[PDB]
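Written out below as structure tokens is the structure these notes cover.
4 protein chains.
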Amino acid sequence: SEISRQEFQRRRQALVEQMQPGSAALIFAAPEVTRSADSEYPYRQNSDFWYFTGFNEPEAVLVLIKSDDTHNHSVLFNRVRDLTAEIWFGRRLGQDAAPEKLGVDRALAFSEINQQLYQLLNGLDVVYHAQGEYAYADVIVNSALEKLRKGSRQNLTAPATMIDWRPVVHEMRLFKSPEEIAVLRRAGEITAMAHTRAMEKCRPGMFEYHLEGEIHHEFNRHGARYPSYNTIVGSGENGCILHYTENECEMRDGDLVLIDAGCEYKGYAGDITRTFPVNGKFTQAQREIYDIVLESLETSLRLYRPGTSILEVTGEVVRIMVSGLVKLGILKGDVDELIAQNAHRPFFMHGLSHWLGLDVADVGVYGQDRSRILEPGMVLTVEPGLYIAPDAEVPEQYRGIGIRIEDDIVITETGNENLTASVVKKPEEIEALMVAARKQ
Amino acid sequence: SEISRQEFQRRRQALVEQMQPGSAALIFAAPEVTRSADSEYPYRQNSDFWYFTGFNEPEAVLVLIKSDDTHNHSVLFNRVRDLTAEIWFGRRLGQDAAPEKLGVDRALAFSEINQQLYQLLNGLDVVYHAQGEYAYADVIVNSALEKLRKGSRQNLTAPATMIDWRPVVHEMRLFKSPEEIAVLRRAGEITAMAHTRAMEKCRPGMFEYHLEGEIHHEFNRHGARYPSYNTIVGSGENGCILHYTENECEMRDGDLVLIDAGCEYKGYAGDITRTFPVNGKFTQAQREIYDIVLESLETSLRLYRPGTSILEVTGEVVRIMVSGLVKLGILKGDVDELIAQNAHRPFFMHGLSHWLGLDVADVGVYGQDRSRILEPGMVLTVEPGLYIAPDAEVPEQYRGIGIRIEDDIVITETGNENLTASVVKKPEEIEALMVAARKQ
Amino acid sequence: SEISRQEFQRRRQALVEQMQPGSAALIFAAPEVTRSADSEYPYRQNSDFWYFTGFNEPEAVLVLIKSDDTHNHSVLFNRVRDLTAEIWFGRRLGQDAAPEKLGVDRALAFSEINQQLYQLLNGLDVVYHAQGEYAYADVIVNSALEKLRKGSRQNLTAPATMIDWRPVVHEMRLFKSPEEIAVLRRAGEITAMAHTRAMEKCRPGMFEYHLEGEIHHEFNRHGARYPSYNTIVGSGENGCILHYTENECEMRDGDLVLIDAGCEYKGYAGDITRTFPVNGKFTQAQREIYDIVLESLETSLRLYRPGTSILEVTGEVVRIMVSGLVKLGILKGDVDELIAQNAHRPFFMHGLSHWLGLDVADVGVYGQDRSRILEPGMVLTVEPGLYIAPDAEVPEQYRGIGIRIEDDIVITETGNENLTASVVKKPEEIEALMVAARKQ
Amino acid sequence: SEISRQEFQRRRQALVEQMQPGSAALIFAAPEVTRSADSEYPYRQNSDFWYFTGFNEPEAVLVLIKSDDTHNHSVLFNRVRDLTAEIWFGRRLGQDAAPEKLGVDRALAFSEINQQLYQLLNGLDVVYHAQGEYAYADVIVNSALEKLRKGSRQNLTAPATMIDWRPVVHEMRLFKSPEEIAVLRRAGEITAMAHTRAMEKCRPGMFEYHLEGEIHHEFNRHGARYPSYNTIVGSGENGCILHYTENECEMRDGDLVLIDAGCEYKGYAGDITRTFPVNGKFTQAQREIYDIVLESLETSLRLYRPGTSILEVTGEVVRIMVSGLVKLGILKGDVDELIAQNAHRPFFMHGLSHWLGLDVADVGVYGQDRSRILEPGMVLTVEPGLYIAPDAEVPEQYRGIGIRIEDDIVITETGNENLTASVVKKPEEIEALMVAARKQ
Ligand SMILES: [Cl-]
Ligand SMILES: [Cl-]
Ligand SMILES: [Cl-]
Ligand SMILES: [Cl-]
Ligand SMILES: [Mn+2]
Ligand SMILES: [Mn+2]
Ligand SMILES: [Mn+2]
Ligand SMILES: [Mn+2]
Ligand SMILES: [Mn+2]
Ligand SMILES: [Mn+2]
Ligand SMILES: [Mn+2]
Ligand SMILES: [Mn+2]
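Chains as they are written, first to last, in the deposited numbering: chain Y, 1 to 440; chain D, 1 to 440; chain C, 1 to 440; chain R, 1 to 440.
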């Protein structure tokens, strides 16, 4: 599954529909990024630029011009064909091929942007620009507007109104099309296969980074070349560090390992966490904490639906956690009083859910305390966890246990669809999976 | 094999030995780099900063103070211990532990750099600073010097002389210690195992990116988490693109695939290229071009030694290439006249060799036209290639063939050591390797 | 005559009336400007900031908040009272006194602007800001908006719409109140007295700069401390240079001197040009050119009125000039054909008129080719000139003559009022004035 | 008196003598400075640039190249001849005329600086540059060095050492040539005539700014067009503000007026302060304070000589002040104890002396607490003062009195020459001067 030319075009048109007559929207590509000296990191297109183009080159700018309420057109600035540059560094789309390939009306060389952009903005009332997104982009836009402001003797005029299109565009991204959901479903499947593989491969004495290697190989074979974020493989005490990415330790017989990893497939993020015993068998202490996190996730998956909110579901999870921690003697006191005191926070210190899409921590307004009412088309994670620090003042057997279990869901008309349930999470299923692998 | 605390210390001392009395050298860490929105690329420390510290954190600055010809000391600025930041994002070395861990005299919080740096520079004659390396670093240094310049009423004075330490440090990096060579030897071995794996796994119908996946998994299992540069897997016509990294095509029965990939092991780069038939058997045309590139590499490996140069060895390769291309009818005319006209350049348009080390295209002065005389301790690649474009005016059977074969070598007292000869390159050996794999 | 607190307040209210509900307008003071090393030029407040405050301090920002269609208020950021800074550098208004003195609702310390500005913008829909006017201002505004954009977890929101208030404010400035016209009338009177003085003082052998000295002294004694622009005193060939400010030459018996000088009185510019003989008597050649420039000015003064334009009146002047130059043999051919060819342009190469106000070349839209229809309340100059270069291919006697004659006018309901007719311009009146002075 | 071409040349040569072989020094002109909108302040050349050129244009850069110990040459970048730009804005020196006019070897267009500067720096070991002096200059220099650093394949190399030439050049400026002293002597004479005029013109009811007008007119008539700093005319309580420049009050019968004003003559500053009664007669209270400041100045003028210091002479002044203030009951206690407590500081809170030259607060190292030993050729001010605030806890009659008396001196082989003694300062001489003027 992918996003096609006609969908990118529909998105451009939907933005144009929201724009004032006599305006232009400017969407800039990501800069290339140095890794060291003259070597660059693998290119990652800006999510918003990608959303409207599916075009994976730097030095590109999409300009949507809404001349009035019926007439609009698009102009792409992009790198020129250049035989020597292409022999060295790769093929370029160029100007001749872009209109047909991308479904834009006109294409111009990026090298000419300063000579041309002001001409496109001249006489417009409004420019939509994400000020501060990129320095290079602000320079180009500010230069164009200055030429227009200072150009009255050449009959030039600048648009006086600049509107940040990020809020409008991020609200578009928050609600996924069926095609987007299909892509996210595939990302979830790929990511789940990777996690299953990690559980089947994990043995005491392997290094945390070995599981990262297994996961990334699995992503790759299904055509998700890159992870959507830096893979976390936190064994033992390392699991208590939320974004542990050192992945440098030897995994010990008797420790849990917490894996938070997700692929990037056609631009879209998977995002799964599974925690499991390195040796294939939960200890009693590990199981006692695990059961509370799993109940939290299972209850959340029952509850998430249109008309509730992340805040409302979080309240249910907090009750589950406080209740469970009191039963184990990790917290002491009356459950309702402890809830009132947010007594869970030393052990569950992050949010239950974030939006998911072209960014793993995806764009879109959450509302105060993530109270926004959920609607069909929203995609989000569900990621309860409990982290008991090595020096926590709790019964000894729980110290140094970090557990998180995370699925990706889409809100539907009656509830939700779990995109990542194809990798096991019930403790008996984890143990059976690992037992079977360990016998081979 | 690795580089240890005492070696990092020896390097700092060797720099101090080269510094003027009454001076300070400032070496800054790399910034963290955005991949998309709030996600960052995996951190890569600045090579020069790494060379003197082995410290893999951002927000760090090494200050070497040479008070006079006998007295010197070191100060590290680095991130403070912070329980909440560490729970979220990972452990920090902090100030208490740094002197012992890194072998520096003092450690101070990076948050205090603007309050402290000017005090360390006050009254010195010379500051060594790599101006323009990083914007954030220039801001810090320029601010410190301004405070000193403007501080005469507070009895402050700025060093009037600023010296770029890059030339001195890059000349240090150009000559590897035995420990560095051991690390590079291991990088070469790891990288060679990865290339052997790619040849053994390659089958028609696999995608170029699948071989990338095999290679990166192999790097990872030996503890080289990341490649030293973006992997190139160019099959068919894609092999004619020097830094082809799209790796997006289905590999065809009858095409060659050119793989240029290298690991990063303890900071140091491997860098191997092998080209081989996708179906395990070179065609006659493919073999005819391959033989010329291989002879070029083999002759270069015989020749490279102290007292010759990249330029001198390149002349021998050019003769081999022109001679071979005339024999096949790709070039026409007298060999010596064609050499005089650089007639090989449409087909071999890049350099034979680059330095290798903490950067894949490593630092160090080459001399005019890479004429610098070679000495023991230099490490370099040997990477002849021939690329016959799909539209070249040559006998048809050669069109769309791109072949490069690259090894990594170290110059020794009598010649060179090949660090990457453990992956085959003779065509009969490539075919035997692939035949054996294809029968499994 | 001056502009008073209540008028500054009316202007602020008139801007607020034009603003969208749920918005804030930000108007920043001018930076102080270095002359050399640690010495600064005399402070000149930003015209727009002045227009809304009458406040002559740097490090000040006026914030007009329109909460909704009935509720609005003003906040001034300005320098705090500071006993030591004031002993050294001058008194400051401070926060306690500002509301009463300036008629603003609240005053806050400029040192707190970054801690406070984002709080004032939070939750607004629109911010009015003159982007690019000052770097320091853009930094402050961009920082505030970034804090808001990134502050969703603190329940902060940024206004998505930024509107340049310059067009609205400059249209306000283009139409003068009666009080403004009174101030401009006084500026015109002061400037005219200065020009009369220069004619009465001028003698052969004096330097051009001596007349500058006379003029500036005259400005000063009437309470116009500073000129509104750099005084031009161009004698002989120097008169052919439009903005000649070197003023370095000895004025020669037989040359004309062209003086373009104007005071700045309560922020408002006078702008007069008079040209006259250094020795008090026009030569025939000088008079022949002078008569054409004077007829051009006199006809323009008859014509300027509501309903015509600078472009229309310029056409009449061009005819006068071409006709006169043909009569003298400076141009050759048919007058209407020469007009069609813009044959006057080598000799009259600038505009007839510019707006006049808080800037000498005042703000406001002219329309294409200065075609905007004139209306009561506009204030403008009328400045025909003819400049015959020393090497012009014209009858010899005219070479090196530069003449400009300029008055300041206000458009009224039936025509115009000349603000600067109290300094003579008829050649017989100039000669009588100078003869009388030369006899003393 | 002036500074001539051959002296500017001698200075360039003296700098070259101090430079390392294989180096270039870069000295940049001042930017033009906006006053308001499209009007600029009168141009003031950068003092250091002026010191080496006597060239009063912007967009100019002096490059001194010391190829080795015997061979050196100079290159000026400056604005090209341009007929239209010159007709509009003034004559330009251009490239053809510059070598002869300024005594430089070569001149190139400023528009070509980025194409040419790197070529001049290529292969040098050292560049002398005043980093941070001007943003535009840093941009040009940093760009040149980057091209060289990145240009190894074009056989380019950057100088690795950058030296701030300000310390060397400012030490040159600290010691005046006889020609410089002649110019400063004339500045002192002009400035003294201006102060005498102010005393002769001052009457109760005039505004502070009227005396500014008299002073500036006097500067102008002697060919010092501009003041060297913003004129201070502080009457009554305003005299207690050290750099009072509002000059806005009506001068009252019974108040003193303190005038601190100085001309700029051929680039060099005069700097005189005189305080005198507005009505021509000191009151007893005024005279009592005045006598202490005058004794302080007179004693300083006796003492200043080679081999003493500003710090040493300041100690003598402090004793005079404390002794006098005890006698009047303004201070109470033992003189030596009060001196030990710096009890004078509420009333004399600034330094006695600053260097004087191309800047009024001139360049040059003072040493700790201005302890540097004086030598012939140094030029400095002597400016004791006493300021008794309106709310000081002192006998009532002294409240609101601010007195400063300042002369400019040059250190000579036996003592000093007073450059400004031609304007009276003894109270009986001030009164006689004013009485005589008031009778006219
Ligand atoms: Cl391009
Ligand atoms: Cl820190
Ligand atoms: Cl403040
Ligand atoms: Cl130029
Ligand atoms: Mn997540
Ligand atoms: Mn996750
Ligand atoms: Mn290589
Ligand atoms: Mn390679
Ligand atoms: Mn004018
Ligand atoms: Mn004018
Ligand atoms: Mn002074
Ligand atoms: Mn002074």
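Note that CB positions come from ideal geometry on N, CA and C, so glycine has one too.
Given a length threshold of 3 residues, each whole run of the beta strand (DSSP E) inside the segment 384-440 of chain C is given here in chain order: 385-388, 401-404, 407-411, 416-418. The C-beta of R:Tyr366 comes closer than 8 angstroms to at least one C-beta of chain D. Membership of Y:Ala194 in any beta strand (DSSP E) is not indicated; the residue belongs instead to the alpha helix (DSSP H) covering 178-201. Taking the Cα of D:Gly351 as reference, the smallest distance to any Cα among D:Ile405, D:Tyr136, D:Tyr118, D:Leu124 is reached at D:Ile405. Proximity of chain R to C:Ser111 at the Cβ level (cut-off 7 angstroms) is not reached, the minimal Cβ distance being about 21 angstroms. Here R:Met172 carries a helix assignment [DSSP, helix/strand/coil].
Shown here, Y:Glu59 sits in coil according to DSSP, grouped into three states, outside any helix or strand. Contact between the segment 226-233 of chain D and the segment 257-270 of chain D is present, with at least three C-beta pairs closer than 8 angstroms. If you compare the alpha carbons of C:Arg319, C:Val365, C:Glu417 with that of C:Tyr304, the shortest gap goes to C:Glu417.
Note on D:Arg153: under 16 other CB atoms within 10 angstroms of its CB, so exposed under the neighbour-count rule.
For R:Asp359, there is no enclosing beta strand (DSSP E), as DSSP marks it with neither H nor E. Look at Y:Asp138 here: in three-state DSSP terms it is helix. For the segment 159-177 of chain R, residues whose beta-carbon sits nearer than 7 angstroms to a beta-carbon of chain D comprise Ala160, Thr161, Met162, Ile163, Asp164, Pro167. Interface flag for D:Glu146 against chain R is set, since a Cβ pair is found closer than 8 angstroms. By DSSP's assignment, D:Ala130 forms no beta bridge with any residue. Listed in chain order, the non-local C-beta contacts of Y:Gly267 below 6 angstroms within the same chain comprise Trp50, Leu358, local neighbours out to five positions each way being set aside. Straight-line spacing of the CA atoms in R:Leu76 and R:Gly94 works out to 10 angstroms. Under a criterion of Cβ atoms nearer than 9 angstroms, the residues of chain D adjacent to R:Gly132 are, in order, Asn142, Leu145, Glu146, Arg149.
Check the Cα spacing between R:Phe175 and each of R:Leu356, R:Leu433, R:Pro390: the tightest is with R:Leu356. Flagged as an interface residue toward chain D: R:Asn155, by a C-beta distance shorter than 8 angstroms.
Per DSSP, Y:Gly94 is not a residue of any beta strand (DSSP E); the alpha helix (DSSP H) it occupies stretches across 94-98. The count of Cβ pairs closer than 8 angstroms, one atom from the segment 205-215 of chain R and one from the segment 371-386 of chain R, stays below three, leaving the stretches out of contact. Using a CB distance cut-off of 8 angstroms, D:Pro42 counts as an interface residue toward chain Y. Closer than 7 angstroms to some heavy atom of ligand 6: that describes the Cβ of Y:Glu383. Comparing alpha carbon positions, the residue from C:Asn78, C:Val365, C:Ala343, C:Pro384 closest to C:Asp291 is C:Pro384. A Cβ of chain R is located within less than 8 angstroms of the beta carbon of D:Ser152. A distance below 7 angstroms between beta-carbons, with the five flanking residues on each side excluded, links D:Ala343 to the following residues of its chain, in chain order: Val322, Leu331. Residue environment for C:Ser296: buried (at least 16 other C-beta atoms within 10 angstroms of its C-beta). Going by C-alpha positions, C:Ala269 is about 21 angstroms away from C:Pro31. Under DSSP, Y:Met162 shares a beta bridge with Y:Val127, C:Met162. The beta carbon of D:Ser1 lies closer than 6 angstroms to those of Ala182, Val183, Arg186 in the same chain, with the five residues before and after it left out.
Here Y:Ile27 is buried. Its C-beta has 16 or more other C-beta atoms within 10 Å. With contact defined as three or more Cβ pairs closer than 8 angstroms, the segment 110-126 of chain Y and the segment 151-165 of chain Y are in contact.
Closest by C-alpha distance to C:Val169, out of C:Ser353, C:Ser422, C:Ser309, C:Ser47, is C:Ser47.
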